[PDB]
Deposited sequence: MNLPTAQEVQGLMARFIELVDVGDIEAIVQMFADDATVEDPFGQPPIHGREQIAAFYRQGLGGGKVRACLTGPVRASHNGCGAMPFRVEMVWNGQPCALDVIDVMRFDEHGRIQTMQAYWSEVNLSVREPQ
């Protein structure tokens, strides 16, 4: 189980991969049975391919907007901003990903909180 410090490291690593757009590298960070709920409120996405599909569908710039809050039970929450093009126009989306990592430092749970209210032009 990653330590509070390792969680900070992994979560930041995740943002870096989304930012560069390395789907393969992003997918590899997920445990086998990892689930993704993005946005939180919608059906969880399960499986390597579906997740890769989800990220390819999505990937865009992403960067932390605050430090990773990490716990001692391999979990963490981080605030970030996604820069993308929507309705043919440059937009921003504020998100908070809550993640639970496993013993191998792989992502078991990803929950991204955000909705239209967090959408900005």
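Absence of C-alpha coordinates is noted for several segments of the deposited sequence, namely 1-2, 62-65, 128-131.
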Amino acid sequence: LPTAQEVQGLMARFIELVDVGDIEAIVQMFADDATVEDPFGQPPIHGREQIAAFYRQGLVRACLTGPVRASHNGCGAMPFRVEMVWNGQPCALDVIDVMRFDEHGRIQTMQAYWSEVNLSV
From here on, numbers count along this sequence of modelled residues.
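Higher mean CA temperature factor, per the PDB entry, when comparing 99-107 with 7-15: 99-107. Judged by mean Cα B factor in the deposited record, 43-51 ranks above the other of 74-82 and 43-51. Compared with the other modelled residues of the chain, the Cα B-factor recorded for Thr35 ranks in the middle third. Annotation for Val68: C-alpha temperature factor in the lowest third relative to the rest of the modelled chain, per the entry.
For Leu93, the recorded CA temperature factor ranks within the lowest third of the chain's modelled residues.
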